[PDB]
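Only one chain comes next, encoded as structure tokens, the form deposited in one PDB entry.
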């Protein structure tokens, strides 16, 4: 009620800028179905939010606040039902940042292998069925999860945190390191295919040029 989300402005001064925390909060509010306005800021630090005139800062307190204040039946709970969903891929962005901010040719291999290692852990979580996912009477073979998202078939707070980060990695690492999520990471890709088909994810992504511009220091050759 009376909600505005203030997000980082882009390089142009007007567009939605690169910021995985702004996009997370944007996604949370959209997924709640609550009516809210969005305003970009040029320049305390975005993102922040006005909820009934009162200002809220800090992404996590805002997330906590929204989950506590926007409750069923008017608004869905978006908390995860499986704690592991909050840990899956929780190091991926950090390993990407180390990978992408590295300047030494000699260290790209380790950074890339550590990034790929973190991706494979997330890929496996997305191919491993969740508890209560598989019909008890199913056979005892290897079972690949067909669920849509991290925690089930619905987007949850875990997806809102992780997807902005996967998006940045996908765009930036391609642009500046010729790096792509390996096609044999079918779990990650099934997940991305499912997510990009949702307005809440696709339509809150900053333009590619914005994300690329934010990491333009990666264009310099490793030494």
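We call the rigid core whatever largest set of C-alpha positions still superposes within 1.5 Å between the two forms. Numbering follows the first chain given and starts at 1.
What comes next is about the form deposited in another entry, which is not displayed.
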Core-aligned C-alpha movement of residue 98 between the shown form and the other one, 2 Å or more: no
With both forms fit on the core, has residue 116 moved 2 Å or more by CA between the shown form and the other one? no
Exceeds or equals 2 Å, Cα of residue 146 between the shown form and the other one, core fit: no
Compare the CA separation of residue 87 and residue 140 in that other deposited form with the one in the displayed structure, and answer closer or farther (the difference is at least 3 Å). farther
Would you mind telling me if residue 135 and residue 194 are closer or farther apart in that other deposited form than in the shown form, C-alpha to C-alpha, with a 3 Å or larger change? closer
